[PDB]
Amino acid sequence: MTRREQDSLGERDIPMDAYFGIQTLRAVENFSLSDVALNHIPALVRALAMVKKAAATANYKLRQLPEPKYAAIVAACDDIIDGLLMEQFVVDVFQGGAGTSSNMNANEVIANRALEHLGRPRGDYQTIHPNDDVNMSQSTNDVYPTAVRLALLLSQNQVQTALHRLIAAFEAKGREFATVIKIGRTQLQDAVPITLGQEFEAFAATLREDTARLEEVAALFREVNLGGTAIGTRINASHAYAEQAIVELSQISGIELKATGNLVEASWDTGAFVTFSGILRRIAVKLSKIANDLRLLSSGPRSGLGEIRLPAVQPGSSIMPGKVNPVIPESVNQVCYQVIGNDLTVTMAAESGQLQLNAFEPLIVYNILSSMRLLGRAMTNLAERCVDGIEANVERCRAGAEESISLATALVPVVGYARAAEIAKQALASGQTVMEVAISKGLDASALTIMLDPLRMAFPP
Amino acid sequence: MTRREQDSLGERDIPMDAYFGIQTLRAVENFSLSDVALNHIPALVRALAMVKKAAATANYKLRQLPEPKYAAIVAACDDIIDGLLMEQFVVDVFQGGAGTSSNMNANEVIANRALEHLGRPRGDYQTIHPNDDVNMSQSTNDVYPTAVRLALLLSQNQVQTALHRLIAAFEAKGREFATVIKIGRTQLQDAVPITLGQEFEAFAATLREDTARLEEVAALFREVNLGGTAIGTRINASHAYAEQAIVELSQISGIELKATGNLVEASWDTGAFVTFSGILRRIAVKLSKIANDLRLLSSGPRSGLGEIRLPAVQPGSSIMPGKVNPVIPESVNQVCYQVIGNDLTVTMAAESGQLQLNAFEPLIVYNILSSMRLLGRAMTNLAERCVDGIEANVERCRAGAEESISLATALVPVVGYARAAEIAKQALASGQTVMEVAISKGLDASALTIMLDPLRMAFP
Amino acid sequence: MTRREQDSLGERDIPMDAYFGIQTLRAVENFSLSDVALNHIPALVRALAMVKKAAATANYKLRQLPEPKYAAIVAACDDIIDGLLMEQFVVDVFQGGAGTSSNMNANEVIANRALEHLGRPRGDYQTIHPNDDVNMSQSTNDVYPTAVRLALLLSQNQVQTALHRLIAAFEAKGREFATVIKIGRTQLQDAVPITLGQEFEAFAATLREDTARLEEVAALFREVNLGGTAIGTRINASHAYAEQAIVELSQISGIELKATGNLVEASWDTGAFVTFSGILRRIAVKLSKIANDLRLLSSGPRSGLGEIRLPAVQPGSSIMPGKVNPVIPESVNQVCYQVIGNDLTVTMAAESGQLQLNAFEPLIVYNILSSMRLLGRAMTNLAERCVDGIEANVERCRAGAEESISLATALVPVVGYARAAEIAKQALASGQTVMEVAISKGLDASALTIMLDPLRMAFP
Amino acid sequence: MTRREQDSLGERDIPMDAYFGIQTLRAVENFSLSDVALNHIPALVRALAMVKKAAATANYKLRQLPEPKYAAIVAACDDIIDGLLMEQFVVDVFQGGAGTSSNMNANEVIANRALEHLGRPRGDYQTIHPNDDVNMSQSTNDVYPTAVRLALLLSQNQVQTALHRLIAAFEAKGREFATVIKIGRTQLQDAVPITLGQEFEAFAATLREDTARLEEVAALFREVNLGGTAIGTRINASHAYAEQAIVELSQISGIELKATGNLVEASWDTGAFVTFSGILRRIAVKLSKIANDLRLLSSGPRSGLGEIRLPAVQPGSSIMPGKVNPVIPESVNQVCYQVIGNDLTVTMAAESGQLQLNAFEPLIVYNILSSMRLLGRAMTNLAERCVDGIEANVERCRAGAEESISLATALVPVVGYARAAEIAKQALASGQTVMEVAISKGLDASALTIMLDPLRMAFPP
Ligand SMILES: [Cl-]
Ligand SMILES: [Cl-]
Ligand SMILES: [Cl-]
Ligand SMILES: [Cl-]
Ligand SMILES: [Co+2]
Ligand SMILES: [Co+2]
Ligand SMILES: [Co+2]
Ligand SMILES: [Co+2]
Ligand SMILES: [Co+2]
Ligand SMILES: [Co+2]
Ligand SMILES: [Co+2]
Ligand SMILES: [Co+2]
Ligand SMILES: [Co+2]
Ligand SMILES: [Co+2]
Ligand SMILES: [Co+2]
Ligand SMILES: [Co+2]
């Protein structure tokens, strides 16, 4: 069964129980590109609903929207915000129209769910109207970007939790491996001694910078253009409505929002999206570097560095034991490369704004929510399926530190530069340790245990 | 209800109904990252099955695999090639493992479907073994990349068909607007006359270069490393098996494949993916510019260029008639920006190869298969729902042409550059036409109506 | 005429009148790639010299360096700081060795200039040694990334001065065009009325956001790893030395520096370069939109939007008087594209770090200093040679606002949606203003002149 | 001492000295952005003068350019083609104008040099006009992109020569290390045996691919729009003029050039540049991974892979012997990252085309010519200064192979899977070779020497 609806282009038959309407139906036909629909990015659906609740409350309080229609609309928004009706948001994320299809998907679905609450039938738009009532005082160009900013704010906690979790895992391994002496490597050449613990604490340290800079950057989104309507001149939406709507949207979302400084600027500026993507791009670059180290430090088992052992999560051959593919970090690098790619997409999109509008905010929101979700899962998997279970190869780390030619420097104040250089040269020609060569020159072994102690070199005063 | 399987890491309970095994089950746990499973890229599944059919056949012909197992493996691969069992390919496209997870997902499903065709229950690997039988004479590092290449080859037609569709839309609007004179624009300044038809056929002409460049580049994927195994040294696979498996994979896929020249180089080289991601990027860059020209030319209705009118696919406000948001092109632009980024993701991945292998082909194949699909759909919509129904504002077009001070350009071959420049400046300074200004200086009214016809200036 | 120098690889002949040494000579031969030498980023040379002055002073105060040597080194450093000896930094910016070549170019030059401020010959390194004395307590790995941070910090001003300059240009125009009413455009479709002044003050507005983010990001460079030596374990340099050197470098540079929190992390973290490069990327993205807006609003003279007119800085085609190519925004566009490519370069280099070091700080620092210098010049040019002389086309702007259909919304509470939608459709259908159609239906002329005033609509 | 010139914006004073005139002088002031002038990309300056000469010659042959002025213009183009007058090309490569400023620099300089050949004074434009004569039958939008295509064709040789050189260095090391057995590595895990020579021969094979792809992509540039003028309509250039100019440009340059199929399309289409940039990018991507492989194989000396030794080109300290920074690969990598960014710069300029013209070819040509030049020099330096001198650390290579657990598979036909697997497991636990475990199970040493030969595993029949 179907019902019959009408827009400024004509009539169509919508399936009887669909909560979306004619406008959404056309957009499903117009933008069939990715098979990724609005409900694949639920945070934006929840956000549109909160913005639509805020406006309805504001209109009601200013006596522009009748009580029964406010009650019905609010109850409908509440349903969507608590995650009902998600399957009704069917529009492709790659939609044209600068956000209009998302706005209309929300307008129609809220309208019809509102009607259900009033005991009227779907499609009875004379009672609750998708444009006249649910979109009162509003514009795609202020509702959509406001919800976009809201959705990024709402999905902030998933990436913060993930960072904290990865931080906590590196800290623990930094503590566990505190006295595990090894050789540091610069340009991939053996340099001077360091512990495995300082090295893991430094992975921890780098990500502590990230959670701070991300928080700082997210705060730019608290600035909203709600009330500027179409191009920032705020025509058709009163000052009092804008004031009230923002106060309401703060209450609903639990986030203190404010009006942006210049709404004509805010109508078109995507600069904040570039900045936010940049910090996701930074996390991915840094994160990728960590994943690379864990791949390098565990290379082997016999003909690599073999200094750490990652947990074997992948099945192997009984006749090929010891082969441990660094499979979680690999999965992490792929997330990072993708995050970097998506970041360029945001850049091209941001760059292509014209006059009073950027038309490509839907592509932007899709890439940022994607990068955020992917990065959260990569970091969570890295922490629990890999980092938590890493083991030090204690003897083989020590071997590297003990084999360092750099230890010969500690002999200068005892035998003179010329002769310490000789030992250095000899140790390298013959392949023995500085310790072994030093012994042959009649220097005492228990004295050398002190002089050439690598843990002493790694830990400054 | 579950069944009990064993791998190198130990024992695990697998759902009764599942054709995948303990190795796939583990990879599903290890790489839960995106929610996009292998089944979202079915051409690679289809391709993986094709390779498994070919390998099985070549092992049977060299008497390495006995007949009853051969007949059962092949039957199972056929079922996969025919679109059955797709829901069993459950591994995340962002998998670590350089392909092993996709490879093992095929091994386990093939073995359990092969077991079923042969009477026996899921997990009786003593009979059909995922590793020892289905993966016989193979390594992830040769079967997976070959599947990757075959999956790209088989996806050519969706993009070629869409390019051919868009070309035909433009060609037709080219003929429809052959005499619709308008003004050209360089650097957004008014230039010399041209027809809308010429503009449109130009769009079709650039997408013709693209269909050819695409064939040429897709052709590199015909070269496969099947039988190089782990690192290119051919260990565990005979020369005889390699040639035979290629002959067989050629017959099965409908495409003439050949052995690549250096299996050692081939084991790790990802330049073929960069090249092909590159033409997709070209198509994106070209297609996005066309979309942009469509948005500019349809700007208005009254304070834009207003030279064309796209079909109104999006309903507008009853109080704001004449607003047509160039919504299909916008959607295309956005597809184009996603393809460009995807091309960088392939770049990052491709550059990060180490020694005998590149560990990130899962990412590469996923990004290229996506961009191919999005370009196909974007071009097919652009053609069917925008171009086919575009209409010219004939009088606004004409008006930009006759108005133009550029009409003096056509007097350079008459009175030399200098005197013609002089005529141009006098018209602009005195508010007279170039026609008006030129009779002034003694030239025949008769010859000028012809010489300064803007439609004449558009053609040789 | 040459002199004879030795390093661990052997003996070489160095030009007699060179302040550089055998290690710089070797570097010149090793990385001849680009024809762009260290002196082409002088801010890094000055910075290297400041840090060397900081190290010598701290070394002096802690009694690791004797007073005669301290004072010669310090005086050499001052010469470089003052702009002398720039022709002696000859090493390619594309150098390998992760800083070493730049550090040794500094060390040798400073040693040799110290030798004359002390009356000794060039090359007499038993008296002033480039490694033992000028690099004392130091490694490339902490000296070089500290110089980079300082260089970037000392170049902040130029991009700040240029931003403020362009802000002021736009603000000034913002006042001038306050009442110049025109139609807004969304998706290139006629929207609602706005003033050219508002549009221009929004340009200013966005750039003021950029000045604050740039400042805020620059501050991250204030944290230095100086003292951390080779890998961040402080080997060969004491706590007191590091504390003292950071105090002394803060005095020398004029910027309050502080020791970074974790020196092991600092040894390899290139993240701050990514964040910063991101703000340049952002500026470029915003800047290119603005440029694009200026090229669009000036399109014409006859058949574009014709809303503004940019000063003519190139001479025109005389066969087309009144054609003005937007030559200055194009040049800015090209700069913005470069900065964005440049940003990807940094992104690769940052990602490529291995274990205790990232080897690619020289490529990172070169690209950033380029980008900064480029944006600084671009924005100055856009302010002085374009924005300041922009003229508004008052009548063409006004006609766009009056001919708009958005006007018909003002009539909804006068005559009702229904009848006001009809006025909109008849206006479009007949080619008349909302005003002319509204006058037909009998509505009062003097109420309509206020009602459908576009200037009124522009301001809440 | 100066001279006085005039354009449609007033008068200015130009150095008596100079061959450029008033228009070039304004361009110097208007576009001061980089300090990189036209003389930094001489290939373009030369190509412009080739096109200029072709057009003069064509005009002369159709009786539109007087013989004396033809002779003088041609002698001037000849001087520029032969490398004279380079310092008169002073405009910034970052020019606005879509190439007009480069075209006018060519026009003016040629005019003044032609005048000198007639013994006339500088700026006597009544005799030789930069627009009227030197620019006859031409527009910027056909001459400049033609000059650009030909600048890239003139330049192709340096990158092709560099590629062949690098190829040659790899092939020779391929031969020299033909029997240096080592362990192959997949995901940084020990895999199966392979020879170092095979590894180096793979480098050669992959760069051979690049020469073929570069050649075939460069051939797209042979298609030129000379004679399409402003927008592809050909106004002001006769069919005959165009036919003759192309025949003539082909003769001057030594390259079979042909008119492009659709001059309207060709007026704006930047697709050929993207494709050329892309194969440079692809060279960067592969070159970079070779550089990385080199830095990794040479890692150590003692706590890395240490399979090869790169020539020490950078000096070290006498107390720290054995430390060899992989300094030339590092500079290759850096170049590769630059080219990859330059490819993004091109992609931006290309996407930015509008209607009948793309305005950003000056930036495009500059980036591609830079990229080509860097790639050439990096590849040349890698060959002469690193590869040609690489050494194998032969015993360490052989130890990697013997330490490999993959050897146990050879034992299957001999002792059954179960026992073969048991040996592999025991070798892994004790850090012993498969050979050592095998001996201790009472298998014969001279038998096992044959069975477990790594060199047989590296080389198929
Ligand atoms: Cl979401
Ligand atoms: Cl697919
Ligand atoms: Cl500088
Ligand atoms: Cl050049
Ligand atoms: Co779905
Ligand atoms: Co915290
Ligand atoms: Co799914
Ligand atoms: Co065809
Ligand atoms: Co290849
Ligand atoms: Co220089
Ligand atoms: Co300020
Ligand atoms: Co802003
Ligand atoms: Co940091
Ligand atoms: Co110069
Ligand atoms: Co050849
Ligand atoms: Co073309």
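The deposited coordinates, according to the entry record, derive from X-ray crystallography at 2.5800 Å resolution.

As annotated in the PDB entry, chain A carries the name Fumarate lyase:Delta crystallin and comes from Brucella melitensis. Within the Protein Data Bank, this record goes by the title "Crystal structure of fumarate lyase:delta crystallin from Brucella melitensis bound to cobalt".

With the PDB entry as reference, chain B is termed Fumarate lyase:Delta crystallin, source organism Brucella melitensis.

Chemist: Looking at this structure, I do not really get the overall build of chain B. What am I missing?
Modeler: Across its full length, chain B carries 18 helices and eight strands. On C-alpha atoms alone, chain B measures out to a radius of gyration of 30 Å, which is more than a quarter above the 23 Å that the 2.2 N^0.38 rule sets for 460 residues. With the C-alpha coordinates aligned to their principal axes, the bounding extent of chain B is approximately 100 × 55 × 35 Å. Summarising the internal contacts of chain B: among those between residues at least 6 apart in sequence, 72% fall at separations of at least 24.

Chemist: I keep staring at the interface of chain B and chain D and nothing clicks. Help me out?
Modeler: Often, the extent of an interface is quoted as the loss of accessible area on bringing the components together. Residue-level contacts link 69 residues of chain B with 66 residues of chain D. Regarding the contact of chain B and chain D, the summed buried area is about 5,800 Å², with carbon and sulfur atoms giving 62% of it. The interface formed by chain B and chain D includes four salt bridges. Note that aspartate 269 of chain B and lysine 286 of chain D form a salt bridge whose closest N and O atoms lie 3.6 Å from each other. For the interface between chain B and chain D, the tally reads 25 residue pairs in polar contact. Broken down by secondary-structure element, the contributors of at least two residues to the side of chain B that touches chain D are strand 3 (181-186), strand 4 (189-195), helix 8 (196-218), helix 10 (263-268), helix 11 (271-297), helix 12 (327-351), helix 15 (412-430) and helix 18 (454-458) of chain B. Considering every element that reaches the side of chain B that touches chain D, the biggest residue donor is helix 11 of chain B, with 14 residues. Here the side of chain B that touches chain D is built from residues that sort into 34 nonpolar, 20 polar and 15 charged.

Chemist: Before we go on, may I ask you to explain helix 8 (residues 239-253) of chain C in this structure?
Modeler: Count 3.6 residues to each turn of an α-helix, and residues three or four apart come out pointing the same way. Residue and element names in this part refer to chain C. With 15 residues, helix 8 extends 21 Å from end C-alpha to end C-alpha; this agrees with the ideal 21 Å at 1.5 Å per step. Taken together, the buried residues of helix 8 touch helix 2 (42-61), helix 5 (140-154), strand 5 (223-224) and strand 6 (258-259). Backbone geometry just after helix 8 places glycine 254 at a positive phi near 90°.

Chemist: Help me understand the coordination of the cobalt ion (ligand 9) in this model?
Modeler: All of the protein donors around the cobalt ion (ligand 9) are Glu265 of chain B (OE), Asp269 of chain B (OD), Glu209 of chain D (OE) and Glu209 of chain D (OE); their distances to the metal are 2.1 to 2.4 Å. The coordination sphere of the cobalt ion (ligand 9) comprises four donor atoms, whose angles at the metal cover 55 to 133°; the geometry is irregular. One end of the pair, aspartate 269 of chain B, is in the loop between helix 10 and helix 11; the other, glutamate 209 of chain D, is in helix 7 (residues 196-218), on a second chain. Classification of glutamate 209 of chain D as partly exposed rests on a relative accessible area of 21%.

Chemist: What am I meant to see in the interface of chain C and chain A here?
Modeler: Taken together, the contact between chain C and chain A spans 67 residues of the former and 64 residues of the latter. For the chain C and chain A pair, buried surface summed over both sides reaches about 5,600 Å², with 62% attributable to carbon and sulfur atoms. Applying the counting rule to chain C against chain A returns four salt bridges. A salt bridge links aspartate 269 of chain A to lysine 286 of chain C; the shortest N-O distance between them is 3.8 Å. Sorting the residues of the side of chain C that touches chain A by element identifies strand 3 (181-186), strand 4 (189-195), helix 7 (196-218), helix 9 (263-266), helix 10 (271-297), helix 11 (327-351) and helix 18 (454-458) of chain C as the ones contributing at least two each.

Chemist: Even after reading the chapter, I still don't get the domain arrangement of chain A, so can you show me in this structure?
Modeler: By the assigned domains, chain A splits into domain 1 (3-138), domain 2 (139-406) and domain 3 (407-461). Averaged C-alpha coordinates put domain 1 of chain A and domain 3 of chain A at centres separated by 77 Å.

Chemist: So what exactly am I meant to see when it comes to the pairing of strand 4 (residues 189-195) of chain A here?
Modeler: Two faces make up the sheet, and in a regular strand the side chains alternate between them. Residues and elements named next belong to chain A. Extensive coverage of strand 4 is indicated by the burial of seven of its seven residues. Inspection of the sheet shows strand 3 (residues 181-186) paired to strand 4 by five bridges, in the antiparallel sense. When the bridges of strand 4 are listed, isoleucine 183 appears paired with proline 193. Hairpin connection from strand 3 to strand 4: two residues lie between these consecutive antiparallel strands, with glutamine 187 at a positive phi of about 55°.

Chemist: Help me out: how do you make sense of the state of the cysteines in this one?
Modeler: Two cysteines, two sulfur atoms, one covalent bond between them: this is a disulfide. By the definition in use, this model includes zero disulfides over all chains. The thiol of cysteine 336 of chain B is not disulfide-bonded; the next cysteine sulfur, from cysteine 386 of chain B, is found 13 Å away.

Chemist: Quick question: what am I supposed to make of helix 2 of chain C here?
Modeler: All names here are of chain C. In this model, helix 2 (20 residues) spans 29 Å end to end at C-alpha, consistent with the 28 Å of a helix rising 1.5 Å per residue. Most of helix 2 is tucked away, with 15 of its 20 residues classed as buried. Once helix 2 finishes, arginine 63 follows within two positions and takes phi at roughly 75°, a positive value.

Chemist: Sorry if this is basic, but what is going on with unusual backbone geometry here?
Modeler: Backbone phi values are negative for most residues with the exception of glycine, while trans is the configuration of most peptide bonds. Going from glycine 300 of chain A to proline 301 of chain A, the amide bond is cis rather than trans, its omega being 5°. Here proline 301 of chain A is to be found in the loop between helix 10 (271-297) and strand 7 (308-309). Here the amide bond leading from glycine 300 of chain C into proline 301 of chain C is cis, since omega sits at 10°, within 30 degrees of zero. If you trace the backbone, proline 301 of chain C turns up in the loop between helix 10 and strand 7 (308-309). Positive phi, normally seen in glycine, also occurs at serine 137 of chain B, with a value near 70°. Relative to the assigned elements, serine 137 of chain B resides in the loop between helix 5 (130-134) and helix 6 (140-154). Taking the relative accessible area as the measure of exposure, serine 137 of chain B reaches 12% and is therefore buried. Of note, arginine 63 of chain D is a non-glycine position whose phi angle comes to about 70°, a positive value. Relative to the helices and strands, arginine 63 of chain D is located in the loop between helix 2 (42-61) and helix 3 (67-81). With a relative accessible area of 75%, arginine 63 of chain D lands in the exposed category.

Conventions we followed
- Residues numbered from 1 in each chain as written, not as in the entry; some residues may be left out.
- Chains lettered and ligands numbered in written order.
- Heavy atoms only, no water.
- Residues with missing side-chain atoms left out of burial classes, pairs and counts.
- Helix = DSSP H or I, 4+ residues; strand = E, 2+ residues; numbered from the N terminus.
- Rg over C-alpha atoms; globule rule 2.2 N^0.38 Å.
- Contact = heavy atoms within 4.5 Å.
- Buried area = accessible area lost by both parts, 1.4 Å probe.
- Salt bridge = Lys/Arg side-chain N within 4 Å of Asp/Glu carboxyl O.
- Polar contact = N/O pair within 3.5 Å; in protein donor to acceptor, adjacent residues only side chain to side chain.
- Nonpolar A, V, L, I, M, F, W, Y, C, P; charged D, E, K, R; others polar.
- Expected span 1.5 Å × (residues − 1).
- Donors = N, O, S within 2.8 Å, 3.2 Å for Na, K, Ca; no water.
- Tetrahedral: all angles 85-135°; square planar, octahedral: opposite > 155°, others 65-115°.
- Buried < 20%, exposed > 50% of the residue type's maximum accessible area, 1.4 Å probe, protein only.
- Domains from an automatic or database assignment.
- Pairing = 2+ DSSP bridges.
- Disulfide = S-S within 2.5 Å.

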